[PDB]
Amino acid sequence: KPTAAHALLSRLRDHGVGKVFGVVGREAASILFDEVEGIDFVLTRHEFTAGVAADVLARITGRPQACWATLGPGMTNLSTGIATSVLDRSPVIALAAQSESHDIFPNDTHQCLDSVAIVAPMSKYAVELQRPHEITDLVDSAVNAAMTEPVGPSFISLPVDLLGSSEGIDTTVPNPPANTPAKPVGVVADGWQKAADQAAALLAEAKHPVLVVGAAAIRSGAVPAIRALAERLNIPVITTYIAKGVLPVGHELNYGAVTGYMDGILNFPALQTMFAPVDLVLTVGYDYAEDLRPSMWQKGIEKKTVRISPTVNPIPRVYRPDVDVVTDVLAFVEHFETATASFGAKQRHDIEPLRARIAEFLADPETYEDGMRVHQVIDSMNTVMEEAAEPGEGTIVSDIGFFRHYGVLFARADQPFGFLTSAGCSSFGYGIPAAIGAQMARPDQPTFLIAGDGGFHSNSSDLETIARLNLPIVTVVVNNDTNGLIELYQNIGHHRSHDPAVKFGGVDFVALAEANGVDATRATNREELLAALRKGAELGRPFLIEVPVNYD
Amino acid sequence: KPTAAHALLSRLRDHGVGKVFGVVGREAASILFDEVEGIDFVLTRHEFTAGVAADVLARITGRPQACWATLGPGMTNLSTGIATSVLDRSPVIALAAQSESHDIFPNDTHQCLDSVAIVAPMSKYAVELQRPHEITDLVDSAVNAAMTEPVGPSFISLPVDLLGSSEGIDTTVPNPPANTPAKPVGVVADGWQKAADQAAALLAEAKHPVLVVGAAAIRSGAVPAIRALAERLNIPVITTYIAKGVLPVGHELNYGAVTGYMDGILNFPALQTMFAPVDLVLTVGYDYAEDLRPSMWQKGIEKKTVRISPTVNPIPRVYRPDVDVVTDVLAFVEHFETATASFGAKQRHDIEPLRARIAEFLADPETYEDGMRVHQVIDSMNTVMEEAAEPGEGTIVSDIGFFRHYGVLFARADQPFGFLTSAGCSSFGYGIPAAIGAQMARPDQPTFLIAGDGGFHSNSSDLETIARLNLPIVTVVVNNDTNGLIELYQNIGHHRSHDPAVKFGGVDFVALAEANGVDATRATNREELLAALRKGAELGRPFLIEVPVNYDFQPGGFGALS
Amino acid sequence: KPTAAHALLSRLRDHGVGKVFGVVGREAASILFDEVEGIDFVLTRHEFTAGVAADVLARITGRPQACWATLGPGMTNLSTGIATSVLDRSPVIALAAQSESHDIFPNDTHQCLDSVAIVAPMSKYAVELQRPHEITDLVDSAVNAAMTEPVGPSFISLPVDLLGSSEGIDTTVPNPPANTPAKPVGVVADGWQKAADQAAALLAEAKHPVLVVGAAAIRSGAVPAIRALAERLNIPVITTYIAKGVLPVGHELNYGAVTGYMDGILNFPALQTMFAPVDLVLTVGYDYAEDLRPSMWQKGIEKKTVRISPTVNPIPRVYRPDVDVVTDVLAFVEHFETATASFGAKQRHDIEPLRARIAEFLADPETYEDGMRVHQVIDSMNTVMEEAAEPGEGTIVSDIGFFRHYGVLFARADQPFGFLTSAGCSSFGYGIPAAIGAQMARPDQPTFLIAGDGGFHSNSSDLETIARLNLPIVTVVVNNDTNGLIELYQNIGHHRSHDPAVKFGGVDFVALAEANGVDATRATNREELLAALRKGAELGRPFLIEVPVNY
Ligand SMILES: CC1=NC(=N)C(C[n+]2c(/C(O)=C/COP(=O)([O-])O)sc(CCOP(=O)([O-])OP(=O)([O-])O)c2C)C=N1
Ligand SMILES: C/C(NCc1cnc(C)nc1N)=C(/S)CCOP(=O)([O-])OP(=O)([O-])O
Ligand SMILES: C/C(NCc1cnc(C)nc1N)=C(/S)CCOP(=O)([O-])OP(=O)([O-])O
Ligand SMILES: [K+]
Ligand SMILES: [K+]
Ligand SMILES: [K+]
Ligand SMILES: [K+]
Ligand SMILES: [Mg+2]
Ligand SMILES: [Mg+2]
Ligand SMILES: [Mg+2]
């Protein structure tokens with residue numbers, strides 16, 4: 001007879017889930033993962049990889065996705081993936097086994113932790129199964145909470161005995177409709193239209209407005225609408241790390257992404273050039289977790305701000321917008337189009353000096369004795385990505401490190417989520433699972449990953465998963481035998497390094513990749529790198545390129 | 001001027017701490033780790049490894065140890081190490097950075113999570129620093145809670161601004177005495193002596209008593225006292241996984257360790273042989289977390305039970321002992337020596353058919369077509385360990401998987417904590433950090449690790465750490481391209497496998513180790529394995545050995561797991 | 001067929017419980033409270049009263065006691081009594097109903113709150129019943145946690161469907177032995193004997209040591225041992241609010257209790273007189289929650305300190321003893337007796353000028369125009385209590401307010417728990433339920449209560465309960481139409497009053513008492529008060545006396 005395991009998988013399938021990423025433990029006695037046609041288990045080497053792959057797949061598809069761990073340390077390993085989903089915002093259903101219900105004694109029973117208490121603070125919803133037939137409503141409530149802004153993970157703890165139980169389960173009675181939200185449910189304030197009208201009045205008076213676009217605008221399905229608005233009114237579009245590609249590469253209104261590191265990396269007044277003459281900042285789908293902070297746009301002349309979010313402002317200590325529009329982003333844009341229909345095009349401010357500086361970095365022709373420079377690596381990645389991908393396609397993924405901010409400034413993104421990284425959570429090791437999720441979401445598109453040695457090696461074991469699933473991801477590992485960003489922080493705070501806290505010995509990432517069944521090569525200049533990328537891109541198999549780098 | 005970072009490291013040093021294991025993030029702006037002489041940072045590739053290394057070092061030394069992570073995902077990664085400490089019982093001080101105090105908005109600020117709320121359920125103590133100078137008393141309170149039975153981790157969250165602040169800090173006034181407990185503080189119930197007297201009366205009357213010894217007895221410093229008692233009264237000693245070695249290898253009262261998997265692995269009524277004629281079970285330092293459950297000794301005739309623990313019974317639903325002695329394990333044995341001084345030695349029961357069956361497995365001379373068998377692997381490890389180690393020295397560490405239970409049955413342990421595994425938490429990937437902790441705790445002794453391909457590869461990146469620290473650990477990876485134990489569970493529950501949930505492709509672990517700077521070789525039979533182990537043991541550098549294995553299990557033989 | 005309701009009551013009975021204090025809601029459909037012979041329900045008018053009565057009964061008996069509330073607001077009302085138990089230290093088993101298990105949706109289902117999450121932070125143990133038959137082991141684990149130092153409450157949430165279920169319950173198979181601890185379980189540190197030896201060495205060198213005694217010393221059964229030690233070596237005994245009576249009234253070494261307002265109340269340097277020449281402070285059974293803080297004894301010369309407690313020091317930020325002895329209090333004293341066996345008795349420092357002031361103060365013969373003064377009220381209560389009670393018997397209870405300082409400093413206590421108040425939680429309204437608990441614990445002894453109009457009226461409806469149970473409690477309400485202590489706080493912090501935050505209109509507490517079926521009178525001076533107290537003490541029924549006072 002069908003058990004709660006069957007009813008769980010079947011309800012996930014009802015909500016459109018076709019994959020469950022994870023690592024299975026002794027609960028395999030209760031759940032096989034062949035119970036339901038249409039839903040496949042995806043086995044990873046570590047649970048973090050499973051949680052992050054589900055996060056990224058949910059981000060790109062706009063649909064709830066699922067991950068799985070065993071009791072105790074399975075669940076705690078998965079919780080870094082759950083943390084990724086809560087901070088980076090994605091509708092993930094996270095599932096973990098638990099001790100038999102009558103034997104739940106957290107910190108006393110073997111492998112028994114208080115899973116709900118541990119995960120509740122980092123989730124939208126967290127619950128433990130008590131009566132087997134209720135798993136269907138627990139999945140529904142989990143999905144409901146996951147798909148309400150700000151989107152995030154919902155957790156269900158599954159005692160092994162109840163998971164394997166058929167008590168009260170009757171599969172001859174069909175499930176009620178799932179009614180999965182088409183896009184995230186939003187918070188909406190009374191009088192938001194009047195606030196939007198106030199925003200329109202500010203725009204009317206403004207000389208140099210900008211749209212600062214966050215990922216919430218993408219979730220809302222507002223990219224085309226935002227593009228049509230910006231083009232009609234001649235309003236520049238600036239993005240967070242994660243909203244790169246809301247305008248195509250080369251678009252005249254594509255003013256780029258912001259990172260707090262940009263002035264320092266470029267040795268240039270980048271933030272001033274971007275924001276100094278701006279008098280109106282519309283933060284479209286604003287989220288503080290994306291890490292574009294008010295202090296970053298507060299350059300030069302005094303500015304008015306308009307916040308647009310499907311959430312109430314969680315941070316009035318930090319951000320007090322002149323006008324706060326609490327509503328669905330697309331709803332706002334459509335109302336705003338009507339309000340501003342009679343408006344003509346603004347004159348936009350000049351950022352050519354900044355564009356010139358960025359272009360100069362990307363073109364850097366020097367051959368360095370002590371390894372490549374990251375801007376040269378990314379330029380090479382851009383070139384081959386443009387070659388390999390159809391227009392408006394491809395994904396470049398970045399793990400976490402100093403190099404990541406070069407990715408933010410320099411990496412090509414020709415579509416929404418065309419550049420992927422972790423903005424809210426920023427766990428190192430993020431690259432591999434994100435590339436897995438991205439490649440699975442976009443099976444026919446090229447997927448490049450860039451990762452540093454510190455972050456990459458934290459989670460390198462899932463190279464075998466890439467090989468096993470034959471995901472034709474091309475990986476570039478930029479190696480300096482250091483947690484590099486952290487050495488930068490040591491010098492910022494102390495004016496010196498301390499090697500025991502940051503320095504590694506040598507890892508041969510070419511040999512490492514090959515041990516996992518992934519072909520690899522070392523590249524030490526633009527010529528070797530382009531050659532390696534082009535090879536990887538046409539290989540029909542995963543490929544890894546180790547590149548020695550230095551930071552100056 | 002010295003900051004809270006200085007005051008924190010200085011207070012850890014006051015408590016005997018000489019190493020902080022971890023991974024540092026942007027809080028490096030507030031803490032360098034050179035502030036205090038005598039305390040060094042030990043950088044790992046993952047925070048899990050840092051937490052487990054501190055746990056194991058704490059277990060072997062009996063002294064509080066320390067680990068470190070950054071905010072958000074640093075702290076969540078560390079949390080698996082914290083769960084290790086809370087379930088396995090070790091006094092670990094876990095420290096993690098947090099967002100600037102004025103900018104703490106969990107799940108809204110970049111990398112900001114509610115660390116205290118996430119860690120509190122899995123720790124003895126969990127706090128966030130609020131006033132820089134108070135870090136000294138927060139460390140003291142952390143150590144206080146960590147060193148009370150049941151021992152476990154204490155957590156301090158450190159907002160980056162406060163960590164790098166000198167506000168209220170004065171290092172010209174010396175710190176008050178640390179007064180670190182030399183052994184864990186324990187719970188003691190009034191009238192425990194009378195309970196111990198009732199236990200003595202039961203022993204007088206018992207025909208075949210046994211001592212079932214757990215790790216808490218070792219922490220109490222009760223190994224010599226327990227051995228003397230057992231030897232005088234001729235009482236057999238049976239152990240949990242990590243209490244192996246409380247009596248030397250070859251001691252006649254060393255009746256071995258219990259695992260629920262033993263009948264199935266041996267294809268033999270092992271638990272029945274061990275327990276059927278026993279009429280009295282004294283669980284000395286009992287802890288349910290170690291996973292030797294009442295149902296495992298409940299074989300054959302009805303037994304009376306005595307529980308001795310420095311804790312109030314947390315599980316009366318499962319274990320209702322006839323006599324409950326809530327006191328320090330050593331205190332009990334010393335009282336019990338007096339109560340039983342005039343007792344005649346007992347006649348111990350026979351377990352020779354079990355001993356013969358175990359010996360038969362270890363000596364298995366067959367050559368299999370599809371890899372070695374794990375019992376042959378452990379036999380080979382035992383031989384070389386005995387050669388490499390001084391008498392009463394050496395450590396064999398086991399990661400998690402089906403092979404771990406072979407370790408429990410078959411692995412040599414000639415001293416307390418001579419066989420190390422994770423009994424309470426059982427996180428796969430445990431092996432590397434535990435071997436790191438063991439080798440550092442026992443710098444002049446051989447340290448062997450056995451791990452399976454599933455668990456080993458979950459946490460294999462820390463091979464580089466072993467290489468970097470030049471810890472001469474000899475690792476054996478038993479490879480069957482599968483999460484083997486989990487395939488067993490599939491078959492127990494469903495009478496068939498499902499490969500997508502358990503099966504891997506090929507990983508070349510010899511090549512993997514070499515990529516990390518660790519010399520390695522492949523061994524496919526006893527001859528090749530002994531040669532590899534002897535090479536590793538004499539190498540003065542880490543060494544890895546990959547061994548192909550297979551299981552072919554009998555799912556019908558594992559009913560004891562119910 | 002017997003249900004979880006029967007099994008719950010049976011297990012409480014196994015642990016020696018004979019009363020359940022509470023208010024019953026719709027869970028009455030699942031539990032009647034007549035299932036088990038020997039355990040009776042005591043209905044209160046508010047759940048706070050039920051929790052505090054259980055707290056006080058548990059303190060005096062030394063045995064676990066029990067209270068009951070319904071779901072939602074029943075549980076939140078009970079939580080102030082739970083809070084009383086956790087801070088004041090008493091082994092209480094708190095029980096509350098919950099929504100039907102399948103319908104638990106906190107903050108959505110009618111009356112459904114997340115009771116475990118709400119109560120967990122203020123308890124030793126907190127759990128929700130999930131499988132009916134497990135109630136027995138849940139009760140045992142509740143008692144285990146309640147009876148480990150620091151003793152406190154354990155909470156069990158009881159979904160009403162599971163409470164009325166017989167599933168898996170078989171009362172033909174007798175319960176395993178209860179094994180209720182006879183005194184609290186505590187922790188013991190390795191090397192504590194060596195620590196006690198270091199404490200002995202400090203005592204040998206000390207000119208003027210003192211013993212500061214807390215209630216954990218009483219729970220340990222150490223009162224006779226402490227008295228014998230103090231008498232032999234001539235060491236003064238100072239107590240917390242809660243440990244008054246460890247020495248008899250009149251004993252030469254009975255230096256009494258102290259408060260921060262002692263100097264201001266007496267217009268005398270009382271605290272400096274007590275502590276200035278002291279060179280060694282032994283805090284025997286120390287607990288920060290009793291509110292005798294290190295700052296209290298840190299007067300005059302520098303002092304060495306010895307902490308003795310069956311707990312690890314929770315407050316190293318505040319108290320860093322020179323010697324910390326973590327062990328059972330009785331075990332410590334017995335060891336300390338051996339270590340100090342050959343020591344010569346000490347000289348005591350002169351506190352006679354303080355004793356003379358207190359005696360003069362209490363005898364204050366003036367007849368004031370605008371109501372009595374509180375010292376006169378306490379003095380009168382002391383007189384009639386001495387008359388009414390057998391030697392070493394009687395209880396004086398104090399509610400919370402400015403007047404409570406007078407109870408602490410001056411009220412008669414001729415036995416352990418002879419004077420009761422709330423030192424840890426200090427909820428106003430504490431007086432009535434504490435007097436209920438005291439009188440039930442000591443049915444043949446006089447029980448006097450003093451309460452102010454603010455605190456008394458906050459929980460005055462349980463006068464009806466005192467009447468209904470016919471507990472011959474004598475209540476004195478000191479009335480000044482104000483939350484007086486709070487007006488004092490306004491003046492300390494702001495140098496002025498603000499009446500909207502402190503002042504009341506008139507309440508006739510005599511007519512209030514009589515409306516509840518409690519006879520009452522108004523007393524306006526020593527003569528009228530002494531007469532009212534004597535009448536009440538001999539009435540064989542509850543009596544209430546209103547006294548106009550002024551500060
Ligand atoms: C549930 C509850 N309990 C309370 N105690 C309070 C506040 N509150 C009081 C209190 O505790 C003050 C602090 O005392 P402490 O410094 O010793 O800690 S004392 C009081 C009425 C004092 O007035 P009274 O009873 O008429 O006596 P008196 O006028 O002060 O003598 C009130 C309101 C608020 N809620
Ligand atoms: C340790 C760390 N960050 C702190 C940290 C620690 N642990 C986790 C799980 N996540 C983070 N973000 C970084 S950014 C390492 C980056 O090193 P790298 O991947 O070699 O890149 P680079 O050297 O360019 O900075
Ligand atoms: C996945 C798993 N266990 C569940 C699990 C999941 N995730 C974690 C963090 N820990 C555990 N224990 C095991 S035992 C894998 C064992 O595979 P192996 O290391 O190759 O050993 P073997 O094949 O002998 O069973
Ligand atoms: K192309
Ligand atoms: K040897
Ligand atoms: K890992
Ligand atoms: K009398
Ligand atoms: Mg690097
Ligand atoms: Mg395997
Ligand atoms: Mg008043």
# chains A, B, ... in the order shown; residues from 1 in each chain; ligands from 1
>>> select_by_dssp(residues="range 304-383 of chain C", states="strand (DSSP E)", output="count of residues only")
10
>>> residues_near_ligand(ligand="ligand 5", cutoff="8 Å", atoms="only C-alpha atoms and all ligand atoms", output="PyMOL selection string")
chain B and resi 385-391
>>> select_by_dssp(residues="range 335-430 of chain B", states="alpha helix (DSSP H)", output="ChimeraX atom specification")
/B:335-339,352-363,374-388,402-410
>>> residues_around(residues="residue 366 in chain C", least_positions_apart="5", cutoff="10 Å", atoms="only C-alpha atoms", output="PyMOL selection string")
chain C and resi 372-373+376+525-526
>>> write_last_selection(atoms="N, CA, C and O atoms", output="PDB file, in the first residue's frame")
ATOM      1  N   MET C 372      -1.431  54.875  60.005  1.00  0.00           N
ATOM      2  CA  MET C 372      -0.279  54.235  60.648  1.00  0.00           C
ATOM      3  C   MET C 372       0.973  54.259  59.765  1.00  0.00           C
ATOM      4  O   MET C 372       0.899  54.549  58.569  1.00  0.00           O
ATOM      5  N   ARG C 373       2.121  53.982  60.372  1.00  0.00           N
ATOM      6  CA  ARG C 373       3.352  53.785  59.628  1.00  0.00           C
ATOM      7  C   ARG C 373       3.643  52.292  59.605  1.00  0.00           C
ATOM      8  O   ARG C 373       3.298  51.578  60.541  1.00  0.00           O
ATOM      9  N   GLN C 376       5.024  50.148  62.521  1.00  0.00           N
ATOM     10  CA  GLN C 376       4.043  49.891  63.582  1.00  0.00           C
ATOM     11  C   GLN C 376       3.139  48.714  63.239  1.00  0.00           C
ATOM     12  O   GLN C 376       2.757  47.942  64.123  1.00  0.00           O
ATOM     13  N   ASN C 525      -4.931  52.501  64.199  1.00  0.00           N
ATOM     14  CA  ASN C 525      -3.812  52.675  65.132  1.00  0.00           C
ATOM     15  C   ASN C 525      -3.429  51.359  65.810  1.00  0.00           C
ATOM     16  O   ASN C 525      -4.130  50.366  65.648  1.00  0.00           O
ATOM     17  N   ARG C 526      -2.325  51.357  66.567  1.00  0.00           N
ATOM     18  CA  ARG C 526      -1.813  50.137  67.231  1.00  0.00           C
ATOM     19  C   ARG C 526      -2.870  49.412  68.058  1.00  0.00           C
ATOM     20  O   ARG C 526      -2.956  48.179  68.037  1.00  0.00           O
TER      21      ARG C 526
END
>>> residues_near_ligand(ligand="ligand 7", cutoff="7 Å", atoms="only C-alpha atoms and all ligand atoms", output="ChimeraX atom specification")
/C:386-391
>>> interface_residues(of="chain B", to="chain C", cutoff="8 Å", atoms="only C-alpha atoms", output="count of residues only")
21
>>> interface_residues(of="chain C", to="chain A", cutoff="9 Å", atoms="only C-alpha atoms", output="NGL selection string")
:C and (102 or 130-131 or 134)
>>> residues_around(residues="residue 303 in chain A", least_positions_apart="6", cutoff="7 Å", atoms="only C-alpha atoms", output="PyMOL selection string")
chain A and resi 278-281
>>> write_last_selection(atoms="N, CA, C and O atoms", output="PDB file, in the first residue's frame")
ATOM      1  N   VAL A 278      22.662  62.282 -10.558  1.00  0.00           N
ATOM      2  CA  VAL A 278      21.316  61.713 -10.459  1.00  0.00           C
ATOM      3  C   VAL A 278      20.522  62.455  -9.380  1.00  0.00           C
ATOM      4  O   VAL A 278      21.034  62.697  -8.285  1.00  0.00           O
ATOM      5  N   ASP A 279      19.279  62.826  -9.694  1.00  0.00           N
ATOM      6  CA  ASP A 279      18.414  63.483  -8.709  1.00  0.00           C
ATOM      7  C   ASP A 279      17.219  62.640  -8.247  1.00  0.00           C
ATOM      8  O   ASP A 279      16.524  63.017  -7.304  1.00  0.00           O
ATOM      9  N   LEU A 280      16.991  61.503  -8.906  1.00  0.00           N
ATOM     10  CA  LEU A 280      15.907  60.589  -8.524  1.00  0.00           C
ATOM     11  C   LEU A 280      16.338  59.136  -8.712  1.00  0.00           C
ATOM     12  O   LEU A 280      16.696  58.730  -9.814  1.00  0.00           O
ATOM     13  N   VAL A 281      16.286  58.362  -7.626  1.00  0.00           N
ATOM     14  CA  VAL A 281      16.659  56.948  -7.646  1.00  0.00           C
ATOM     15  C   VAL A 281      15.417  56.090  -7.383  1.00  0.00           C
ATOM     16  O   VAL A 281      14.826  56.146  -6.305  1.00  0.00           O
TER      17      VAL A 281
END
>>> residues_near_ligand(ligand="ligand 2", cutoff="9 Å", atoms="only C-alpha atoms and all ligand atoms", output="PyMOL selection string")
(chain A and resi 80+374+399-404+425-430+451-458+477-488+502+549-551) or (chain B and resi 23-27+45-47+69-78+111)
>>> residues_around(residues="residue 201 in chain A", least_positions_apart="2", cutoff="12 Å", atoms="only C-alpha atoms", output="VMD selection string")
chain A and resid 194 to 199 203 to 206 280 304 306 323 336 339 to 340 343
>>> write_last_selection(atoms="C-alpha atoms", output="PDB file, in the first residue's frame")
ATOM      1  CA  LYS A 194      -1.293  57.222  -4.960  1.00  0.00           C
ATOM      2  CA  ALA A 195       2.327  56.539  -3.902  1.00  0.00           C
ATOM      3  CA  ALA A 196       3.081  55.505  -7.517  1.00  0.00           C
ATOM      4  CA  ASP A 197       1.465  58.784  -8.656  1.00  0.00           C
ATOM      5  CA  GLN A 198       3.784  60.646  -6.230  1.00  0.00           C
ATOM      6  CA  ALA A 199       6.709  58.779  -7.847  1.00  0.00           C
ATOM      7  CA  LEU A 203       9.960  61.771 -12.230  1.00  0.00           C
ATOM      8  CA  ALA A 204       8.205  64.672 -13.996  1.00  0.00           C
ATOM      9  CA  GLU A 205      10.469  67.191 -12.180  1.00  0.00           C
ATOM     10  CA  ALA A 206      13.657  65.105 -12.374  1.00  0.00           C
ATOM     11  CA  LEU A 280      15.907  60.589  -8.524  1.00  0.00           C
ATOM     12  CA  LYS A 304      14.926  61.691  -3.867  1.00  0.00           C
ATOM     13  CA  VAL A 306      11.379  55.764  -4.587  1.00  0.00           C
ATOM     14  CA  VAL A 323       8.181  57.481  -1.542  1.00  0.00           C
ATOM     15  CA  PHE A 336       3.427  53.858 -13.845  1.00  0.00           C
ATOM     16  CA  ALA A 339       0.669  57.747 -15.184  1.00  0.00           C
ATOM     17  CA  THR A 340       3.681  58.709 -17.330  1.00  0.00           C
ATOM     18  CA  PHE A 343       5.824  62.171 -20.519  1.00  0.00           C
TER      19      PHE A 343
END
>>> residues_around(residues="residue 211 in chain C", least_positions_apart="6", cutoff="7 Å", atoms="only C-alpha atoms", output="short mmCIF file (atom, residue, chain, number, x, y, z; two decimals) with N, CA, C and O atoms, in the first residue's frame")
data_model
loop_
_atom_site.label_atom_id
_atom_site.label_comp_id
_atom_site.auth_asym_id
_atom_site.auth_seq_id
_atom_site.Cartn_x
_atom_site.Cartn_y
_atom_site.Cartn_z
N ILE C 235 29.85 32.56 64.50
CA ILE C 235 29.78 33.25 63.20
C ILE C 235 28.35 33.76 63.00
O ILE C 235 27.40 32.98 63.08
N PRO C 236 28.21 35.08 62.76
CA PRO C 236 26.90 35.67 62.47
C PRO C 236 26.25 35.06 61.23
O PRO C 236 26.96 34.71 60.27
N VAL C 237 24.93 34.94 61.25
CA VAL C 237 24.17 34.44 60.11
C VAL C 237 23.24 35.54 59.59
O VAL C 237 22.35 36.02 60.30
N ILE C 238 23.50 35.94 58.35
CA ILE C 238 22.65 36.86 57.61
C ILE C 238 21.93 36.04 56.54
O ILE C 238 22.51 35.10 55.98
N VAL C 281 33.11 36.55 53.54
CA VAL C 281 31.69 36.30 53.31
C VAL C 281 31.55 34.91 52.68
O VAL C 281 32.07 34.65 51.60
N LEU C 282 30.86 34.02 53.40
CA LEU C 282 30.55 32.70 52.90
C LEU C 282 29.10 32.69 52.48
O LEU C 282 28.20 32.68 53.32
N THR C 283 28.87 32.72 51.17
CA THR C 283 27.50 32.70 50.67
C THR C 283 27.08 31.25 50.51
O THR C 283 27.42 30.58 49.51
N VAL C 284 26.36 30.77 51.52
CA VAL C 284 26.00 29.36 51.66
C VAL C 284 24.66 29.09 50.96
O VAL C 284 23.62 29.52 51.42
#
